2 protein chains.
Amino acid sequence: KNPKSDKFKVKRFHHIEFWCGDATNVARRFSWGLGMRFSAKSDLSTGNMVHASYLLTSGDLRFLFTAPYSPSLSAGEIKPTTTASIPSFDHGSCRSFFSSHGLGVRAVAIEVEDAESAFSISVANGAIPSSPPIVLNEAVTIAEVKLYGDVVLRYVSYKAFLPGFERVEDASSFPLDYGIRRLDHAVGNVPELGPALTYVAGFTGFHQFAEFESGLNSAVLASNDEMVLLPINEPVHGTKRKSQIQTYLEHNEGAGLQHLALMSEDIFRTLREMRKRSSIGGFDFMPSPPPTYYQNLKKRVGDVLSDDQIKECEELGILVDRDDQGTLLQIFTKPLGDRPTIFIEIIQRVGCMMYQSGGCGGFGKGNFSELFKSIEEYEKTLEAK
Amino acid sequence: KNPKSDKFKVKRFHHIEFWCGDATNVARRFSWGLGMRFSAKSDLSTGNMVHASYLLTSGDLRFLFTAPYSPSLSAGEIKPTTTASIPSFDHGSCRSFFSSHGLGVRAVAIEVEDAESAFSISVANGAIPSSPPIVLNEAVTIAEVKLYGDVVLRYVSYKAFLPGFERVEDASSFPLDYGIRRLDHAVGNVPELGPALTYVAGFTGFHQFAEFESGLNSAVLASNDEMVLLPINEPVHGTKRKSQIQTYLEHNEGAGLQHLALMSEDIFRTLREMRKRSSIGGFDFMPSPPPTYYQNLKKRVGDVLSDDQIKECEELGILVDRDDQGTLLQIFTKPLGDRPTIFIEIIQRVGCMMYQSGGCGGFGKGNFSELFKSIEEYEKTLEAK
Ligand SMILES: Cc1c(C(=O)c2c[nH]n(C)c2=O)ccc2nnn(C(C)C)c(=O)c12
Ligand SMILES: Cc1c(C(=O)c2c[nH]n(C)c2=O)ccc2nnn(C(C)C)c(=O)c12
Ligand SMILES: [Co+2]
Ligand SMILES: [Co+2]
């Protein structure tokens with residue numbers, strides 16, 4: 001049941017902004033590791049004396065990497081005379097964010113029909129303001145409200161990347177592509193799920209998205225057409241193995257974005273490409289499930305995936321779960337940086353054709369149980385041996 | 001003339017430590033871009049609750065990348081009970097360094113016979129102390145004194161990487177190698193050369209190394225066998241084109257390390273490998289000199305390099321200079337990070353065989369003149385056209 005109760009018109013995920021210490025090195029590492037091309041920049045070479053911002057793209061996926069210059073470079077400036085291309089940026093906030101959380105997501109940006117109205121309605125409905133609506137070059141409006149922790153939800157709307165950004169010279173823009181195409185969902189970790197859900201659903205009108213002992217409780221908020229999907233987790237205390245949600249909050253110094261799920265148009269090719277680069281500057285993946293997990297795949301997805309595709313899932317370490325409507329293939333990277341906080345999910349969904357409906361196949365909640373049972377069977381198999 | 005006046009026994013460059021915001025992403029980028037393998041780590045997985053440190057190696061070259069965790073993780077600790085593997089590390093200092101300078105070199109480390117005596121003698125001779133001698137696991141002694149700006153000169157001595165570091169698992173250690181073999185020299189930029197030279201030569205006993213209108217004055221300090229080479233630059237003001245040394249001081253917020261020169265055993269192969277990766281996560285190089293520069297190469301190094309090697313220098317953008325004792329091949333990267341501050345030089349020296357004597361061929365000072373004349377001739381050639 002989707003009551004379609006959005007309080008403003010939301011279109012789709014627009015971009016994700018990382019706040020970095022050095023945006024150059026993070027962006028180059030992500031570009032090689034994820035197969036995203038350098039598409040736009042705003043830095044000293046474009047007249048920005050305030051921050052360095054580099055944009056990577058793959059299909060519709062946009063990752064923005066931003067870091068501050070020395071404040072001394074823009075000492076003469078005031079907000080009305082700023083050279084920053086993102087006027088919500090603030091040296092002090094950026095340094096405090098990164099000092100407090102390390103590398104991670106500052107902004108989850110969604111495209112809306114009218115960012116000014118989205119901001120007004122949001123705050124009228126309980127959102128905590130972060131940056132007021134600002135119109136850039138009479139062409140794009142940006143506004144920001146607090147989402148959770150130090151993460152903001154950013155509204156962007158276009159009259160017809162951003163003004164002040166320059167498209168990147170083809171020589172520096174190598175056309176990497178490993179198959180990633182868009183942001184599927186963006187997941188937050190919070191100390192208390194209930195108040196976080198009430199707050200965000202409160203000011204967006206986003207509804208609970210229906211789903212279907214291991215560290216978390218979660219719920220998913222969704223836009224009208226369910227193409228903007230915002231899951232939120234809380235830890236469950238008093239277990240035997242410590243909650244990874246609690247571990248996150250400790251190392252992140254509080255709530256923040258936990259993982260970004262990136263849709264691939266061919267998850268086999270994405271994972272082959274990413275795995276070739278894991279030890280030469282790219283991203284590492286979580287340890288693969290045991291062969292028992294994959295033997296168990298025939299009995300639950302044998303009608304969707306052939307035996308060859310199931311064994312290709314096994315070679316690549318890919319997980320599979322299924323809804324009543326569709327099938328999901330997924331895998332998780334190790335943490336993106338020094339701290340055991342943010343990671344990335346690669347995902348591809350099968351089914352729910354009408355275009356594919358958002359969230360088709362769920363989010364893989366069933367894989368917590370299947371991973372447990374598969375690890376237990378595998379140990380018993382070898383113990384027997 | 002080398003008066004061999006070192007005040008303690010200095011062996012060779014040991015390592016260079018970068019202070020980072022996220023050590024994971026900088027280290028992976030450098031590894032791919034320079035062809036250095038992951039060799040050792042000290043982080044949460046080794047019991048270090050204070051900092052993440054990752055060591056890359058190529059031949060004898062050691063790059064250490066370090067970033068702080070949340071101070072909350074080590075709140076219970078005191079220096080006598082620390083889990084840090086580098087006891088001079090300090091959260092506040094590291095955050096201030098990076099906030100002030102961005103990505104750059106915190107420590108130039110040299111191996112000495114006795115780090116405690118090197119520290120005592122240094123301070124007795126004017127060095128400003130930074131971290132007192134500390135003996136690690138009864139096996140290695142580390143001490144630090146101020147060099148210039150927020151850069152320290154670090155002494156390391158071994159009884160027989162560092163205690164508390166673990167060697168890295170072969171799977172995560174891909175044996176990259178593009179030919180780089182050791183640190184040749186490490187160059188500082190300061191506002192006033194005279195007092196910097198007096199200070200450092202004062203407490204080391206290092207002597208001036210003999211050399212042979214464009215932005216700088218420089219001088220080179222050297223150890224007894226001239227294998228530790230520490231050039232220092234100051235800007236020259238009142239020129240037409242602004243001094244790149246002054247630009248550095250402005251964007252770096254004061255003095256600091258300007259470039260690291262990395263010796264290659266085959267600079268042609270290094271530059272081919274590095275240039276293939278420039279647009280896929282590696283390092284970019286300065287714009288190549290015009291063809292006139294390379295036509296002029298025959299008249300000054302035609303006796304050292306064949307016409308094929310000279311045209312291979314041209315394909316790769318390599319510079320050539322020569323002393324009265326040896327020949328030098330060199331090239332410069334664009335800045336390593338967001339700010340126009342630190343960069344890297346790749347170098348290979350021809351001559352002075354006895355082993356090769358340090359500094360053989362100089363540092364390429366003659367290339368400032370040759371680059372000017374070559375750019376002038378090339379423009380006149382095309383202007384004529
Ligand atoms: C992150 C994750 C998801 C996931 O992505 C979501 C779960 N709920 N929602 C809304 C989601 O987006 C699904 C199954 C998983 N199974 N095992 N693991 C281990 C490596 C610890 C997971 O991390 C894991
Ligand atoms: C850095 C550099 C050196 C160098 O490495 C040293 C010069 N003196 N000492 C002690 C050194 O180590 C030599 C010649 C150069 N010619 N042109 N350029 C332009 C790209 C701006 C240089 O940057 C350049
Ligand atoms: Co997910
Ligand atoms: Co040099």
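Observations, loosely collected:
- Residue match in region B:292-299 (condition: more than 11 Å from ligand 2 (Cβ to nearest atom) and closer than 29 Å to A:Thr46 by Cα): no
- Enumeration of residues in region B:334-362 that are part of a strand (DSSP E or B) and within 12 Å of ligand 4 (Cβ to nearest atom): B:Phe343, B:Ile344, B:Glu345, B:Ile346, B:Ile347, B:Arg349
- Test: residue in region B:135-147 that is within 14 Å of chain A (Cβ to nearest Cβ) and either surrounded by 18 or more Cβ atoms within 10 Å (Cβ to Cβ) or within 23 Å of the chain's Cα centre (by Cα) (or both): no
- Restricting region A:158-192 to residues that are of a type in the set (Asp, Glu) and within 20 Å of the chain's Cα centre (by Cα) leaves a set whose member that is farthest from ligand 3 (Cβ to nearest atom) is A:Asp177.
- Residues within region A:205-244 that are of a type in the set (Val, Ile, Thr) and either over 29 Å from A:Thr57 (Cα atoms) or assigned by CATH to the domain that holds A:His101 (or both), tallied: 2
- Scanning region B:363-382 for residues that are within 6 Å of ligand 2 (Cβ to nearest atom) and assigned to a helix (DSSP H, G or I) yields a total of 3.
- Out of B:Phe372, B:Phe332, B:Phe368, B:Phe363, one residue alone is touching a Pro at 6+ places or on another chain (Cβ under 8 Å) and either more than 12 Å from B:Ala261 (Cα to Cα) or not basic (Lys, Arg) (or both). It is B:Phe363.
- Residue within region A:204-216 that is aromatic (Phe, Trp, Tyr), part of a loop (DSSP other than H, G, I, E, B), crowded, with 20+ Cβ neighbours inside 10 Å and away from ligand 3 (no atom under 16 Å from the Cβ) present: yes
- Test: A:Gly104 is more than 27 Å from A:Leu221 (Cβ to Cβ) and either in contact with a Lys or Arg (Cβ under 7 Å, 6 or more places away or on another chain) or not aliphatic (A, V, I, L, M) (or both): no
- Any chance A:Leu271 is under 25 Å from A:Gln309 (Cβ atoms) and surrounded by 22 or more Cβ atoms within 10 Å (Cβ to Cβ): yes
- Counted residues, region B:340-362 - those being out of contact with any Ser or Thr (no Cβ under 9 Å at 6 or more places or on another chain), more than 14 Å from chain A (Cβ to nearest Cβ) and away from ligand 2 (no atom under 11 Å from the Cβ): 6
- Restricting attention to region A:84-114, the residues that are in contact with a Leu (Cβ under 9 Å, 6 or more places away or on another chain) and either away from chain B (no Cβ under 14 Å) or part of a helix (DSSP H, G or I) (or both) total 7.
- Selected residue (criterion: farthest from A:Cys352 (Cα to Cα)) from residues of region A:291-335 that are among the acidic types (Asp, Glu) and crowded, with 19+ Cβ neighbours inside 10 Å: A:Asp321
- Residues of region A:266-276 that are within 14 Å of chain B (Cβ to nearest Cβ) and under 21 Å from the mean Cα position of the chain (by Cα): A:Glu273, A:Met274, A:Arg275.
- The lone exception for B:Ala127 - which of (1) crowded, with 19+ Cβ neighbours inside 10 Å; (2) outside any helix (DSSP H, G or I); (3) within 14 Å of chain A (Cβ to nearest Cβ) it fails: (3)
- Considering B:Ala118, B:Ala196, B:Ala186, the condition of being under 18 Å from B:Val228 (Cα atoms) and part of a strand (DSSP E or B) is satisfied by B:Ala186 alone.
- Selection count where residues are assigned to a loop (DSSP other than H, G, I, E, B) and either in the same structural domain as B:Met263 (by CATH) or among the charged types (D, E, K, R) (or both), scope region B:29-82: 3
- Criterion: away from chain B (no Cβ under 14 Å) and over 27 Å from A:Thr381 (Cβ atoms) - qualifying residue of A:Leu336, A:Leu262, A:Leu316, A:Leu328: A:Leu262
Backbone-built Cβ (ideal geometry, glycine too); neighbour counts: all protein chains shown. Basis: the model, the stated rules and, where named, an outside source; no laboratory instrument gave them.
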